[PDB]
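J.: For reference, the structure I am asking about is given below.
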Amino acid sequence: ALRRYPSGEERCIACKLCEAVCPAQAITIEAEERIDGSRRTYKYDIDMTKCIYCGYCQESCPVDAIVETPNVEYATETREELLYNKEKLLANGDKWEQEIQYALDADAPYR
Amino acid sequence: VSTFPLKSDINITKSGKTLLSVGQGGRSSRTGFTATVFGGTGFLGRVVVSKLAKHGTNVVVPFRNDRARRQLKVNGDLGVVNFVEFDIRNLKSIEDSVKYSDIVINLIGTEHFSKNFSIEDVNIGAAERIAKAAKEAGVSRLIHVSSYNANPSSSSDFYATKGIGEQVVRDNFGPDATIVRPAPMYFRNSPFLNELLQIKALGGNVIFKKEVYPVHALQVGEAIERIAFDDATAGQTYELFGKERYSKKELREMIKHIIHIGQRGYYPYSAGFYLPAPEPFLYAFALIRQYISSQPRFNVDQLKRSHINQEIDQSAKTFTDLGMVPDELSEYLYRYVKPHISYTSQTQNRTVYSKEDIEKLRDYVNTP
Amino acid sequence: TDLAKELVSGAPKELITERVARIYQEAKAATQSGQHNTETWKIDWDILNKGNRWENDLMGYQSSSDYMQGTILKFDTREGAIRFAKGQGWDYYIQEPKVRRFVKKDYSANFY
Amino acid sequence: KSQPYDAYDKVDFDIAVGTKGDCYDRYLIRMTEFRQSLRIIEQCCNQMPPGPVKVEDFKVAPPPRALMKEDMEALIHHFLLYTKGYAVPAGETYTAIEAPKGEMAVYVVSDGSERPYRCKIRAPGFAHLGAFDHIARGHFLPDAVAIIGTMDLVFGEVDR
Amino acid sequence: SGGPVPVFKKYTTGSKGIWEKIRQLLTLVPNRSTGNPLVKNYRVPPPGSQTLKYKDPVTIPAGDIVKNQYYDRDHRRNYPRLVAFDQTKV
Amino acid sequence: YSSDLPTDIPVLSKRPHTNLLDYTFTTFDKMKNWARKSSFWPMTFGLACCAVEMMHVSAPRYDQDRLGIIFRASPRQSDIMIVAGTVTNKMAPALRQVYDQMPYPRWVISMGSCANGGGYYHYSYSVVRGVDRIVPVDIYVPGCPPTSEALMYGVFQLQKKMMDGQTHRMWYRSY
Amino acid sequence: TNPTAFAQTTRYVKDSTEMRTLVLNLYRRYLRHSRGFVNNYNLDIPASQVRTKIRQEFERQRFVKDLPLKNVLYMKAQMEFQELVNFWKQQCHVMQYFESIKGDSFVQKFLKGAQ
Amino acid sequence: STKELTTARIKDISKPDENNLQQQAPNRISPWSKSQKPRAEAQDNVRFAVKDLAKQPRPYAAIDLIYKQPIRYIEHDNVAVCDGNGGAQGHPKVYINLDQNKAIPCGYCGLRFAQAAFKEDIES
Amino acid sequence: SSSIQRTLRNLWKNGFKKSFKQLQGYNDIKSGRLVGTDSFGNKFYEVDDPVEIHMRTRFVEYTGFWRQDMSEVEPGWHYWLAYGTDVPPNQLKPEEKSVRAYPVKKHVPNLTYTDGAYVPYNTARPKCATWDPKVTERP
Ligand SMILES: NC(=O)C1=CN([C@@H]2O[C@H](COP(=O)(O)OP(=O)(O)OC[C@H]3O[C@@H](n4cnc5c(N)ncnc54)[C@H](OP(=O)(O)O)[C@@H]3O)[C@@H](O)[C@H]2O)C=CC1
Ligand SMILES: CCCCCCCCCCCC(=O)OC[C@H](COP(=O)(O)OCC[N+](C)(C)C)OC(=O)CCCCCCCCCCC
Ligand code: SF4
Ligand code: SF4
Ligand code: SF4
Ligand SMILES: [Zn+2]
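Protein chains in written order, with the deposited numbering: chain I, 112 to 222; chain P, 8 to 375; chain Q, 35 to 146; chain D, 323 to 482; chain c, 1 to 90; chain B, 30 to 204; chain W, 2 to 102, 109 to 122; chain R, 13 to 136; chain q, 1 to 139.
Structure follows, in structure tokens:
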């Protein structure tokens, strides 16, 4: 999931750390200057059929933008549904924000 | 198939769209075309869907059987093959299948009538509705597959409805509709060969006397690939047939020797490989099973068609107009009847029938 | 040297009759003052004129058909790179590295 | 015991040794190793010391996240460890550990870069299965199933 | 030495009252545990509800702000050199 | 030869039950769908680490047998094919043959990143990039490996799909 | 450890004349097993076409002159022979082996994209 | 008008409709990047033919939410310090100069900081 | 835990209607103290019975009677059910809650096997723009 700041702004600054670390090369990122001048991405894809669910992207994120929810019940009928774009990842972040906050408040001190 | 089906990487449709192909022509490549294959879960449909999707062309497959459509998706990459649950009695479902399509191939047709559909409804009503819906969606190309003996004045319901289907399609979609008249097609699990391979073929003296010009099913699907991507084929009629004429009795006896049913002299007669019955009895049995059996059996109309041989319309076009040489049944006969061989199992030596071996076997069959 | 080792390597014939490899020494990046990457000789293949990269319409992925697009061999000497390219029967060409001319540089020259 | 590693020299345990060299002896050894491992686990719980769990070297080990967001040098090391990695001095090694399957070893070749030049993985199951022909000859079919089980074969390890 | 341990000293759910007396009579080895973790002891504070306040542990010689020159502990760049002895040097 | 096709007859998945025969064949489908959903027999086809999580579904903690799930060693006696592991090019012909030997009705489950799209070995010279290149997949289970509950959730999704089958009502209304 | 069926001990032949005999001996073994290849893999072609295919593959290396290359070529041919006779190959591989098939003009490649 | 639905703009010339599925976001009509594909064009694909557009993921546009946050005005200091208002769970701490007579946003959060002496100039 | 006396106690506490619903999906008759409800409508309970085993002290009562879906559990209570914390989301401190600047809607479960399934698409424009043709007449 892709997370937001409490003000609603996206946490990711399109720094492309997660794309470089990813052992399976499951992350595709395209970025540019936003309309207002912010450093933001306009394309953030994760191939869930290619990811090995290893957490390197979460560890490398400097702003905690990309995280892994404790969710596992999202099996899909078609393989296309496992190709997450930015809209799917941002929606997941909004949907699972409360549960992610549970994990962060207990695991952040150990990081 | 080959490695790249299109003759050029840029194609302009009849509706004005410019389509650019990307890639060398593999699974990950694209042709820029989106096609709808009505009846893509049928015998010919699977061949057509496999050829279109293997080169990257987007295929929309309307379907009514949920389990039958699953094997079609393997042909193409992710997002290439799409499915729409449809019924010819649902106008909205048909209009959704052709909304994004540049090519519409109508493979819907039947030789039987059921409790829900008649021969007219599928061969004429379904074709007309698909053709008219395609034009209102601005589809550049429409391909309709009629039968080999399509004739609106024919005494057979199947041939007459196919003949009317050709005319009703051209009126609705327009002069830009291409019509294909394929001969009986031979292939793995082919209906033309399944009847011949059936051990207990009731009334073989009345049914297996029909003479046809069998054509390879892989070539028919290949021909449709040529027609769809070549705008020079619009508005034409294609008769797809083999060079060599065959009678079903010759094929039946030739197959009997390949299967080695005759290894035991008594067995073919005892097992019921010959079931001579009077035609009036076959008519009665076909009439009864039209309302008792829940599965499509040999019906009344097919009994009429046993007396009608395949006649070729000379004015129509052939494989030569598409730059192809028809495959010979003698070359491919062994590989398509091989699964039905009794024992084989590399016991002593497999008897592989080549092109010359099949032709010699034909002489033996006709030798008294 | 003269042995045609490509007959036993197992690589497809297209590597010989259709692809061109470049033997080169990496040039120093204009954004950095390091020269470590310029100490080794490398071999890569010229891109295919068609099908090197195309956009997958489903997700915008960079699709390709060039199987040598991501292969870069490393050599310690120029002679070793030539000997290996000749051994495999590859069609290649050498890009001679540019050498920087030496000019004396002293602080006194800021005024004289 | 032959080449102690990772605090195995600070715990007390015994090794079971068979005599007949058949499957039953190997079953008994693996049951003793069950209890000896439980013996070691108890000592590790009691003797767990305080201190860092990774090397205090931010050029190899990632810095803590809290220190990353406050220290300039921590951010640089965090950035470079995840984008370029850490370079390893040129050379080669053959490191082996007493894996549960047997002797598992890796032959890693370093070229001074951040990516291994060669990584040969030695699988005890790969060597065990190579002796299956020499061991299972003359036995019956159900004995082969026992011999396969007694070798503790995982084919990801074999086919790495 | 890891000798036999009574059942009540093991962190598993056991029997009570008459059902404990019956278990001792019928079981061949009465001191064995049932293997069901204690609901009131095992994982009762979940990892997400721990009250411990974690702090990063740092050693003094290598993690202090003074007397902590990095090259004094730069073992990676002080690796042993690779030396090969041929028949000439031997 | 006049054909008058109705235009607004809903498709089978939307078609309500109007006459008495609709409830008859829907009862026929539900009796079969319940039987196949309840008698969920996968085939023992463990390939790689994904199989370990598949074993823990049969473990006492989850006890797949409580739902009627029994693993069969022969394709003849199994109707569910769970591809749990990496499919290699050397293995792909064997996987296709085993799949073809399963009598109908049959379903295929793709578990783990290897079977879904290749996962860690996507760019390998000897790995198939997704089992769907060989056999049709009915449900994809994500994870590396998917947890024992992740696999059970995928099975529940498939059983939900199976209970919605209308094989015998399709013959009555669609054919 | 006993070697599998039809397994030969790898050897480096230092005589060109001896190498020619070994190739001829292996060439006849391929021809003798042509019918076995048809039976085991259930091919759609007669054994006569298999022998033509075997001859064509052998003729592709007829004019190889370097002796070290001959030893590798002979060794791999022995491995291929062992693979086919022992039915280690799947039937799909052998079918595709015999499923191997005037080039296009400059304009024909140009109009479609070429390579 | 399909011109506001397919062109990147700093502001939407009209009020966004939360029930309109052709907007880029429920709270924003136009896209906010020159390379961002318009949602209306993206949904005009063969794969959306029989798909309900309402249930598709439509997260709110972050560009419209961040500018609803009031400007933070700093008293008796020309430097603003921001770390995400979360500390260890925020972003790396950075220092923003406020000498210029305008609001300057954070490099990570996008929160805008300025001096109180420039409050009148900025608001007008 | 598998005793018939435990079932009889839960049968009495729950009643006929509650227990029969458990006899249709749960394959077990269980009773517990209500902890809260999610936006989708599911009810969550905690069991104080000493005879319950380690991993069976928390359970959900789904809204449906014939079919149950794990994805219908709200993300707020999904973590609590899996024993990730001892504080249910309805017992959360105001500072421990998530702050959303966007509105919140009803929980939406997994949408597979429906018409609402997620359809992937490219969020980026084509990297090259073709020339818009124009005609200028020569003098
Ligand atoms: N030897 C041959 O097979 C010959 C073929 N033809 C014609 O070629 C065309 C292709 O048929 P073929 O593949 O060969 O064999 P089939 O007769 O099995 O193909 C029939 C196709 O049309 C569909 N169909 C029939 N009725 C309906 C209906 N009411 N509603 C929706 N779909 C329907 C079927 O869908 P579904 O499977 O889901 O029921 C199927 O896909 C046919 O029109 C046939 O008449 C003519 C001469 C020779
Ligand atoms: C004679 C041969 C041997 C016996 C075989 C018996 C097999 C067991 C039956 C299958 C069970 C099954 O399928 O019931 C499961 C289904 C649920 O179906 P669903 O898809 O989960 O929901 C879809 C259904 N809605 C939409 C309604 C939710 O329950 C039912 O609808 C039960 C209600 C029907 C009426 C029940 C009482 C009528 C009397 C029935 C007894 C005479
Ligand atoms: S968790 Fe998945 S996406 Fe993230 S770095 Fe690991 S493999 Fe890549
Ligand atoms: S690591 Fe975090 S901030 Fe950097 S690109 Fe990935 S998600 Fe964005
Ligand atoms: S997906 Fe992951 S867990 Fe499953 S087989 Fe592949 S590597 Fe193993
Ligand atoms: Zn900030």
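Each residue gets a CB set at the ideal place from its N, CA and C atoms; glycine is no exception.
Let me confirm a value: residue 186 (chain I) is counted as buried when at least 16 other C-beta atoms fall within 10 Å, else exposed. Which label applies?
T.: By 1-based counting over the first sequence, the position of residue 186 (chain I) is 75. So residue 186 (chain I) ends up on the buried side.
J.: Which residues in the same chain have their Cβ closer than 8 Å to the Cβ of residue 117 (chain q), if we skip the five residues on either side of it in sequence?
T.: Along the ninth sequence, read from residue 1 onward, the residue named residue 117 (chain q) stands at position 117. These residues qualify, in order along the chain: 111.
J.: Is the closest heavy atom of ligand 1 to the C-beta of residue 51 (chain P) under 8 Å?
T.: Within the second sequence, residue 51 (chain P) is the residue found at index 44, counting from 1. Because some heavy atom of ligand 1 lies under 8 Å away, the Cβ of residue 51 (chain P) counts as near it: yes.
J.: Are the CB atoms of residue 191 (chain I) and residue 120 (chain q) nearer to each other than 9 Å?
T.: Within the first sequence, residue 191 (chain I) is the residue found at index 80, counting from 1. Within the ninth sequence, residue 120 (chain q) is the residue found at index 120, counting from 1. Going by C-beta atoms, residue 191 (chain I) is nearer than 9 Å to residue 120 (chain q).
J.: Tell me which residues of the region 80-109 of chain Q have at least one Cβ-Cβ distance to chain I shorter than 9 Å, keeping chain order.
T.: 92, 93, 94, 95, 96
J.: Pair every Cβ in the region 20-30 of chain P with every Cβ in the region 214-222 of chain I, then say whether three or more of these pairs are closer than 8 Å.
T.: no
J.: Go ahead and pull the three-state DSSP assignment for residue 415 (chain D).
T.: Position 93 of the fourth sequence, counted from the start, is the residue given in the question as residue 415 (chain D). If DSSP states are grouped into helix, strand and coil, residue 415 (chain D) belongs with the strands.
J.: Any idea if residue 15 (chain q) is buried or exposed, counting beta-carbon neighbours within 10 angstroms, 16 or more meaning buried?
T.: Translated into positions along the ninth sequence, residue 15 (chain q) becomes position 15. It is exposed - the Cβ of residue 15 (chain q) has fewer than 16 other Cβ atoms within 10 Å.
J.: Please list, in chain order, the residues of the region 168-198 of chain I that have any C-beta partner in chain R closer than 8 Å.
T.: 173, 174, 175, 191, 198
J.: Using the beta-carbon of each residue, find all residues closer than 7 Å to any heavy atom of ligand 3 and list them in chain order.
T.: I:129, I:132, I:133, I:134, I:135, I:137, I:138, I:157, I:162, I:163, I:164, I:165, I:166, I:167, I:168, I:169, I:179
J.: Please list, in chain order, all residues of the same chain as residue 69 (chain Q) whose beta carbon is under 7 Å from its beta carbon, the five residues on each side excluded.
T.: Here residue 69 (chain Q) refers to the residue found at position 35 of the third sequence. So the qualifying residues of the chain are 62.
J.: Rounded to whole angstroms, what is the Cα-Cα separation between residue 188 (chain P) and residue 113 (chain W)?
T.: Along the second sequence, one-based indexing puts residue 188 (chain P) at 181. Along the seventh sequence, one-based indexing puts residue 113 (chain W) at 106. Computed Cα separation, rounded: 36 Å.
J.: Is any heavy atom in ligand 1 found nearer than 8 Å to the beta carbon of residue 71 (chain P)?
T.: Counting from 1 along the second sequence, the entry for residue 71 (chain P) is found at position 64. Residue 71 (chain P): yes, Cβ under 8 Å from ligand 1.
J.: Considering Cα atoms alone, identify which of R:30, R:40, R:56 is closest to residue 92 (chain Q).
T.: What you label residue 92 (chain Q) is simply residue 58 of the third sequence in a count that begins at 1. Closest option to residue 92 (chain Q), Cα to Cα, is R:56.
J.: By how many angstroms is the C-alpha of residue 94 (chain W) removed from the C-alpha of residue 88 (chain W)?
T.: One-based indexing of the seventh sequence puts residue 88 (chain W) at position 87. One-based indexing of the seventh sequence puts residue 94 (chain W) at position 93. If I take the Cα positions, the gap works out to 11 Å.
J.: Would you call the region 383-391 of chain D in contact with the region 400-408 of chain D, where contact means no fewer than 3 C-beta pairs closer than 8 Å?
T.: yes
J.: In chain order, what residues place their C-beta within less than 7 Å of a heavy atom belonging to ligand 2?
T.: B:59, B:60, B:62, B:63, B:64, B:192, B:193, q:66, q:67
J.: For residue 397 (chain P), report the span of its alpha helix (DSSP H) as first-last.
T.: Summary: the structure shown does not reach residue 397 (chain P), with chain P confined to residues 8 through 375, and so no result is reported for it.
J.: Check whether the Cβ atoms of residue 32 (chain R) and residue 73 (chain R) lie closer than 9 Å to each other.
T.: Working through the eighth sequence from its first residue, we reach residue 32 (chain R) at position 20. Working through the eighth sequence from its first residue, we reach residue 73 (chain R) at position 61. No, the Cβ-Cβ distance between residue 32 (chain R) and residue 73 (chain R) is not below 9 Å.
J.: In chain Q, which residues lie with their C-beta within 8 Å of the C-beta of residue 35 (chain P)?
T.: Within the second sequence, residue 35 (chain P) is the residue found at index 28, counting from 1. The contacting residues are 90, 97, 99.
J.: Identify every residue that forms a DSSP beta bridge with residue 54 (chain Q).
T.: Within the third sequence, the letter at position 20 stands for residue 54 (chain Q). In DSSP, residue 54 (chain Q) forms a bridge with Q:125.
J.: So with Cβ pairs under 9 Å, would you call residue 122 (chain R) a contact of chain D?
T.: Here the question's residue 122 (chain R) lines up with position 110 in the eighth sequence. Closer than 9 Å: no.
J.: Is residue 2 (chain W) close to chain D, meaning its C-beta is less than 9 Å from at least one C-beta of that chain?
T.: In the seventh sequence, counting from the first residue as 1, residue 2 (chain W) sits at position 1. Interface residue (Cβ-Cβ distance to chain D less than 9 Å): residue 2 (chain W) is classified as such.
J.: Which of the three DSSP states is assigned to residue 130 (chain P) in this structure?
T.: Here residue 130 (chain P) is taken as the residue at index 123 of the second sequence, counted from 1. Note: residue 130 (chain P) maps to helix in three-state DSSP.
J.: Between residue 152 (chain B) and chain I, is there a C-beta pair that is closer than 9 Å?
T.: On the sixth sequence, position 123 is the one that residue 152 (chain B) refers to. Interface residue, yes.
J.: Let me check you understand the geometry: is the CB of residue 39 (chain P) closer than 8 Å to at least one non-hydrogen atom of ligand 1?
T.: Here residue 39 (chain P) corresponds to residue number 32 of the second sequence, with the count starting at 1. Taking 8 Å as the cut-off, the C-beta of residue 39 (chain P) does not count as close to any heavy atom of ligand 1.
J.: CB of residue 95 (chain P) to nearest heavy atom of ligand 1: below 8 Å?
T.: For the purposes of this step, residue 95 (chain P) is taken as residue 88 along the second sequence, with counting starting at 1. Answer for residue 95 (chain P): yes, Cβ within range of ligand 1.
J.: Hey, residue 407 (chain D) and residue 432 (chain D): beta-carbon distance below 9 Å or not?
T.: The count along the fourth sequence starts at 1 and reaches residue 407 (chain D) at position 85. The count along the fourth sequence starts at 1 and reaches residue 432 (chain D) at position 110. Cβ atoms of residue 407 (chain D) and residue 432 (chain D): not closer than 9 Å.
J.: Could you name the residues of the same chain whose beta carbon sits closer than 6 Å to that of residue 25 (chain P), not counting the 5 residues immediately before and after it, in chain order?
T.: As a position in the second sequence, residue 25 (chain P) is number 18, starting the count at 1. Around residue 25 (chain P): 19.
J.: Out of R:95, R:99, R:125, which has the shortest C-alpha to C-alpha gap to residue 106 (chain R)?
T.: Within the eighth sequence, the letter at position 94 stands for residue 106 (chain R). It is R:95 whose Cα lies nearest to the Cα of residue 106 (chain R).
J.: Please determine, among P:195, P:222, P:305, P:285, the residue with the shortest C-alpha to C-alpha distance to residue 253 (chain P).
T.: Residue mapping note: residue 253 (chain P) aligns to position 246 of the second sequence, counting from 1. Comparing Cα-Cα distances from residue 253 (chain P) to each of P:195, P:222, P:305, P:285, the minimum goes to P:222.
J.: With burial defined as no fewer than 16 other Cβ atoms inside 10 Å of the residue's Cβ, what is the status of residue 455 (chain D): buried or exposed?
T.: Here the question's residue 455 (chain D) lines up with position 133 in the fourth sequence. Exposed, since its Cβ has fewer than 16 Cβ neighbours within 10 Å.
J.: Compare the Cα-Cα distances from residue 313 (chain P) to each of P:251, P:288, P:216 and report the closest residue.
T.: By 1-based counting over the second sequence, the position of residue 313 (chain P) is 306. Per the Cα distances, P:216.
J.: What is the rounded straight-line gap between the Cα of residue 207 (chain I) and the Cα of residue 116 (chain I)?
T.: Stepping through the first sequence from its first residue, residue 207 (chain I) is reached at position 96. Stepping through the first sequence from its first residue, residue 116 (chain I) is reached at position 5. Distance between the alpha carbons of residue 207 (chain I) and residue 116 (chain I): 14 Å.
J.: May I ask which residues mark the beginning and end of the beta strand (DSSP E) holding residue 77 (chain q)?
T.: Position 77 of the ninth sequence, counted from the start, is the residue given in the question as residue 77 (chain q). Segment 75-81 is the alpha helix (DSSP H) holding residue 77 (chain q); no beta strand (DSSP E) there.
J.: Look at the alpha carbon of residue 85 (chain P) and the alpha carbon of residue 161 (chain B), and state the distance between them as a whole number of angstroms.
T.: Against the second sequence, residue 85 (chain P) aligns to sequence position 78. Against the sixth sequence, residue 161 (chain B) aligns to sequence position 132. About 10 Å.
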